[PDB]
Amino acid sequence: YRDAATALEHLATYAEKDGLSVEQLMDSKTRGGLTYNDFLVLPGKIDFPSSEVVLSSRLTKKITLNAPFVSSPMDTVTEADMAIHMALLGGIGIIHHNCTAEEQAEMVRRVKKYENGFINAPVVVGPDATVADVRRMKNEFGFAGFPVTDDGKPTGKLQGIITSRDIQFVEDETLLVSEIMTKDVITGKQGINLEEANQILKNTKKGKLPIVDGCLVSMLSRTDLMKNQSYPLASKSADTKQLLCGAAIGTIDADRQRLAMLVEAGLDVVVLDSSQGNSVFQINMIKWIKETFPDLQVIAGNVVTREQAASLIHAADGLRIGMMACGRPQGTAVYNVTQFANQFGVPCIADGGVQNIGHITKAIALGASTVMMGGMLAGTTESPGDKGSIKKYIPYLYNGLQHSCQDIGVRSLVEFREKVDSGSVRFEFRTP
Amino acid sequence: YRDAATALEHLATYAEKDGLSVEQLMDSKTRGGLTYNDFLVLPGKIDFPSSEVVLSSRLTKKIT
Amino acid sequence: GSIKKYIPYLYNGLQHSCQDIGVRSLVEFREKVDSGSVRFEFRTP
Amino acid sequence: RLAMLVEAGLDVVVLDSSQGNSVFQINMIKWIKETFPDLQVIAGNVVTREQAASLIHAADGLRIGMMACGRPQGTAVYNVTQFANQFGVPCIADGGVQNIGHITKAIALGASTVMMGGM
Amino acid sequence: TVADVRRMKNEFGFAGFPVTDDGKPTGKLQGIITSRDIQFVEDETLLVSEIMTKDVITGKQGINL
Ligand SMILES: Nc1nc2c(ncn2[C@@H]2O[C@H](COP(=O)(O)OP(=O)(O)OP(=O)(O)OP(=O)(O)OP(=O)(O)OC[C@H]3O[C@@H](n4cnc5c(N)ncnc54)[C@H](O)[C@@H]3O)[C@@H](O)[C@H]2O)c(=O)[nH]1
Ligand SMILES: Nc1nc2c(ncn2[C@@H]2O[C@H](COP(=O)(O)OP(=O)(O)OP(=O)(O)OP(=O)(O)OP(=O)(O)OC[C@H]3O[C@@H](n4cnc5c(N)ncnc54)[C@H](O)[C@@H]3O)[C@@H](O)[C@H]2O)c(=O)[nH]1
Ligand SMILES: Nc1nc2c(ncn2[C@@H]2O[C@H](COP(=O)(O)OP(=O)(O)O)[C@@H](O)[C@H]2O)c(=O)[nH]1
């Protein structure tokens with residue numbers, strides 16, 4: 001028999017590495033169209049803990065996410081609650097367009113204002129406002145920390161602040177806010193930095209830090225600091241410290257106005273929702289959105305072929321992949337589209353057919369940047385209307401992906417993409 | 001990364017179009033006998049409404 | 001149900017499938033498929 | 001834990017890992033050989049040729065068998081066993097064995113012994 | 001230590017702990033420490049006395065509920 005010390009040396013003797021390369025596995029001529037279940041990714045070398053794995057994924061060319069998890073823009077999956085929690089857990093949610101423009105615009109607004117660094121146009125109450133009116137406002141707005149202004153206007157002179165603790169055990173509901181409102185409120189001078197303002201609030205050990213000019217400009221909340229502390233992988237705007245929000249719109253002329261209202265609500269990413277996205281209408285819309293709203297990131301699709309991706313890219317911040325009579329197997333569609341699309345630096349979303357961690361790992365291995373979940377997320381508490389809360393569930397998927405990455409021998413999604421493309425990562429076709 | 005304006009130009013770089021031709025798909029020697037459920041037709045370019053589609057079919061040489 | 005409702009449904013459905021494919025007529029579809037313009041993918045079980 | 005087991009007259013030690021191609025298991029194999037030389041060490045689980053080479057370079061025997069990450073057992077046993085058999089390292093075919101036919105097929109593919117746990 | 005108070009909160013489930021000189025429930029009251037006090041404390045090695053509220057509002061014994 002051969003010596004044990006010659007194993008690595010003898011290993012080089014073989015013409016090719018054990019298993020199949022991505023190019024060999026994804027052969028339309030020999031193996032045909034494939035799905036996630038049709039193949040497996042072979043294990044490599046484990047020299048790092050699963051903890052060290054980085055799951056940062058690029059949703060668009062200008063947008064990067066901590067976890068590559070995207071909520072589908074479906075009536076039964078993504079709403080204001082689902083979008084907020086998905087962003088909070090290092091993922092983003094696309095709001096469903098199966099509603100009026102006003103209704104959809106409000107949902108984007110709610111997600112944008114759930115967490116803030118500097119509160120803009122903060123809700124304020126009049127000095128003559130009744131205690132009952134403040135209680136009526138809390139259920140309506142969902143928050144009870146309202147500063148008091150002389151004219152009842154957001155930019156009015158600041159006369160004090162009223163909170164939940166102030167009216168919590170008030171026997172008389174007919175009393176004015178002025179009598180029940182805190183007389184002296186700790187505030188920060190206008191022009192102060194967010195870090196400097198946060199320091200003043202931390203020392204003060206108070207719930208709110210209104211910012212004045214002595215008129216009211218913006219307000220800081222202790223709660224936001226707690227939200228940031230509790231969720232450190234949350235997907236939010238670095239400049240505003242607000243959760244990133246995505247919405248789904250049509251390719252019709254009527255959606256041009258609907259998009260305007262959504263953009264006005266602070267919408268960060270727009271996804272063009274089409275079964276077949278390779279149309280003149282969607283191509284014309286992409287150009288219109290770029291000219292009309294340049295700062296907005298546009299995700300174009302759905303595209304299942306290389307030609308479709310080229311056309312949408314020539315117009316597209318990101319690409320949505322996934323499509324009875326007309327369509328393509330998801331595994332084959334992701335690799336072919338992603339192979340061409342990846343060259344131009346366009347991140348691609350693998351949409352549909354994702355029910356487990358294995359599907360997520362396989363989809364990314366095939367060249368996908370992020371994966372869209374719509375059947376899995378459905379039945380969660382955060383979903384409109386049982387798999388439990390996404391708070392517990394999203395952390396589970398994130399941990400699972402790290403372990404699968406460790407078994408493969410890749411410390412990051414970026415390394416995984418490079419190793420698979422380099423042929424280092426090996427695959428095996430699975431028989432029925 | 002490659003420029004976005006070079007996508008269509010770069011598209012011609014590939015030896016053959018994405019997907020299989022009818023001749024390639026209908027191979028008795030390699031894929032064997034096939035049925036309707038066994039294959040799918042890939043989407044192309046949509047520059048017309050569905051309304052404009054004409055479904056006129058020839059039942060016989062003299063009947064349409 | 002009645003074929004009056006059902007036949008119109010099949011006719012509309014065929015038009016949509018033709019639109020997704022990128023062919024404006026059955027004649028064009030036949031020519032494009034024969035020309036190799038139309039592409040197909042084998043489906044695994 | 002191994003020291004106490006060795007003290008009890010333990011003959012063969014199997015390193016229990018879903019993926020056995022790690023620095024920790026590689027370091028453990030060397031530690032066990034230096035600390036308890038008489039003990040026979042079975043390393044794994046390995047489903048690929050590269051994994052087997054790494055564990056062999058460290059392994060008295062190899063344990064073969066591994067959703068998102070894994071390999072079909074028939075393909076894994078032949079590929080691992082083909083390389084491993086050259087160095088005189090007996091390989092155990094672990095998992096998927098429910099009948100005599102599986103046992104016969106596993107050995108035919110180059111496996112030395114078969115592991116039974118559901119049966 | 002501030003860390004000990006944090007360790008106590010998970011163990012007891014509440015963080016509103018008054019401070020006594022001898023550390024006994026019936027000891028002289030020197031102040032009270034709560035969740036808001038240690039919520040954003042960068043240094044975990046600090047004593048409770050420095051981070052504990054200096055003046056605490058209390059009720060005389062024999063007072064009705
Ligand atoms: N509020 C608000 N939030 C928005 C808005 N838009 C978005 N949001 C978001 O919604 C979230 C608000 O959540 P929250 O602040 O936890 O809920 P809330 O209902 O606003 O809090 P409250 O119950 O009012 O606090 P509570 O009165 O219980 O303690 P505290 O304020 O310390 O009270 C303790 C005592 O100290 C006094 N006090 C409080 N602050 C004071 C100050 N600066 N100076 C002097 N005194 C002060 C008070 O009067 C009170 O009696 C934030 O994440 C925020 O970003 C908006 O328009 N308004
Ligand atoms: N605590 C406790 N609970 C038990 C025990 N056994 C059973 N329980 C039960 O457990 C429950 C306790 O729940 P809880 O009180 O809501 O939770 P907790 O962790 O104790 O509250 P905390 O977060 O400490 O309040 P927090 O500090 O956020 O606000 P506050 O105390 O106003 O802080 C605001 C600021 O004001 C200062 N402050 C607070 N009180 C002060 C006072 N009297 N005088 C002067 N200053 C005061 C504080 O230092 C803080 O900075 C109660 O139902 C209680 O009956 C026990 O042994 N201990
Ligand atoms: N008011 C407020 N401040 C925030 C928020 N998120 C972060 N900060 C500030 O940012 C600092 C911590 O930065 P870090 O958490 O690393 O930034 P992140 O990566 O955006 O979460 C703290 O000093 C906070 O004052 C927020 O949602 N609201």
Side-chain angles (χ1 to χ4, degrees), chain A residues 54-61 63-74 76-97 104-105 107-109 111-116 227-228 231-238 240-249 259 262-263 265-273 293 295-302 316-322 346-352 354 360 363-364 368-378 380 382-384 389-391 393-395 397-398 401 413:
Chain A
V54 291
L55 293 193
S56 72
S57 307
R58 317 151 76 262
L59 178 67
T60 70
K61 42 213 330 180
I63 296 192
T64 300
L65 300 177
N66 287 317
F69 309 134
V70 179
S71 65
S72 169
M74 283 161 55
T76 319
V77 171
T78 298
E79 282 224 324
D81 193 23
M82 168 63 71
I84 291 176
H85 288 96
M86 285 291 305
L88 275 175
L89 296 182
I92 196 161
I94 316 289
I95 305 288
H96 73 98
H97 72 109
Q104 189 193 17
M107 294 183 80
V108 177
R109 176 164 299 107
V111 162
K112 288 305 303 188
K113 272 222 152 193
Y114 176 90
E115 172 172 356
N116 289 108
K227 281 180 178 176
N228 169 52
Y231 303 104
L233 281 187
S235 287
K236 46 182 181 176
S237 160
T240 77
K241 300 288 171 184
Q242 270 182 143
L243 295 177
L244 291 194
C245 188
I249 66 171
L259 177 53
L262 290 186
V263 168
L267 186 65
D268 293 281
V269 58
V270 70
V271 159
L272 303 188
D273 198 32
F293 305 120
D295 276 348
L296 193 59
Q297 286 281 116
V298 159
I299 300 191
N302 283 43
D317 300 319
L319 284 183
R320 194 176 167 193
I321 305 173
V346 179
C348 296
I349 303 183
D351 176 21
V354 174
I360 294 177
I364 296 188
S369 283
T370 74
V371 304
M372 183 157 287
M373 305 174 283
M376 298 178 50
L377 294 200
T380 53
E382 294 61 12
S383 71
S389 192
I390 79 171
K391 290 141 90 172
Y393 192 49
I394 288 299
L397 289 179
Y398 180 111
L401 184 43
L413 286 192

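Order of the sequence lines sets the chain letters (A, B, ...), proteins ahead of strands, with each chain counted from 1.
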Evaluate the side-chain contact (heavy atoms from CB on, under 4.5 Å) criterion for residues A:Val263 and A:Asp295: first the C-alpha distance (whole Å), next the side-chain angles of each, then the deciding distance (0.1 Å), finally the verdict.
-> CA-CA 10 Å; A:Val263 168; A:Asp295 276 348; over 6 Å; no
How far apart are the C-alpha atoms of A:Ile349 and A:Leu319, what are their side-chain angles, what is the distance that settles it, and do they pass the side-chain contact (heavy atoms from CB on, under 4.5 Å) test?
-> CA-CA 6 Å; A:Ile349 303 183; A:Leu319 284 183; over 6 Å; no
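Take A:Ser57 and apply the side-chain contact (heavy atoms from CB on, under 4.5 Å) test, not counting sequence neighbours, and it matches A:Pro68, A:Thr370, A:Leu413. Scanning for side-chain hydrogen bond (donor to acceptor under 3.5 Å, both in side chains) contacts around A:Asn66 gives an empty result, with sequence neighbours left out.
If you run side-chain contact (heavy atoms from CB on, under 4.5 Å) between A:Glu115 and each of A:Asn228, A:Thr240, A:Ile84, only A:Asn228 comes through. Exactly one residue among A:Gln242, A:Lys227, A:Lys236, A:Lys241 makes a side chain to side chain donor-acceptor pair (under 3.5 Å) with A:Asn116. That residue is A:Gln242.
When all heavy atoms of A:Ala378 and A:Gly374 are compared, the closest pair comes out as CB-O, 3.4 Å. In terms of heavy atoms, A:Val346 sits closest to A:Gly318 at CG1-CA, 3.9 Å. For the pair A:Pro395 and A:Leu89, the tightest heavy-atom approach, listed with the atom from each and the gap, is CD-CD1, 4.5 Å. In terms of heavy atoms, A:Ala350 sits closest to A:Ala368 at CB-CB, 3.9 Å. Taking all atoms of both residues into account, the shortest heavy-atom contact from A:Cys245 to A:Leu267 is O-CD1, 3.6 Å. Scanning both residues, A:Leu243 and A:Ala87, for their nearest heavy atoms gives CB-CB, 4.0 Å.
A:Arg320 places a side-chain heavy atom less than 4.5 Å from the side chain of A:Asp273. Inter-residue side-chain proximity for A:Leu244 and A:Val269 is flagged as unmet; no heavy-atom pair is nearer than 4.5 Å. Taking the side chain as every heavy atom from C-beta outward, A:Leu401 and A:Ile364 approach each other to under 4.5 Å. Counting heavy atoms from C-beta outward, A:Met86 and A:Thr78 have side chains that stay 4.5 Å or more apart. In this structure, the side chains of A:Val270 and A:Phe293 stay at 4.5 Å or more apart for every pair of heavy atoms. Taking the side chain as every heavy atom from C-beta outward, A:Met74 and A:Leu377 never approach each other to under 4.5 Å. In this structure, A:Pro73 and A:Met372 have side chains that are in contact, with non-hydrogen atoms separated by less than 4.5 Å. A:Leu88 is not listed as a side-chain neighbour of A:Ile394, based on a closest heavy-atom distance of 4.5 Å or more.
One finds the OG1 atom of A:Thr76 at 10.5 Å from the CE atom of A:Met82 (value rounded to the nearest 0.5 Å). Note that CD1 of A:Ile94 and CG of A:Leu59 are 6.0 Å apart. Values are rounded to the nearest 0.5 Å. Atom-to-atom distance recorded for A:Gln104:CD and A:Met107:CE is 8.0 Å, nearest 0.5 angstrom. Atoms OG and CD, from A:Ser389 and A:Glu382 in turn, are 3.0 Å apart once rounded to the nearest 0.5 Å. The distance from the CG atom of A:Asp351 to the CD1 atom of A:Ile299 is 10.5 Å, given to the nearest 0.5 Å. Interatomic distance, OH of A:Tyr114 versus NE2 of A:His85, reported as 5.0 Å (0.5 Å rounding).
Proximity of a side-chain donor or acceptor of A:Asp268 to a complementary backbone N or O of A:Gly246 within less than 3.5 Å is not detected. A donor-acceptor contact shorter than 3.5 Å is absent between the side chain of A:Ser72 and the backbone of A:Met373.
Classification of the A:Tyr398-A:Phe69 ring pair by plane angle, with boundaries at 30° and 60°, yields perpendicular.
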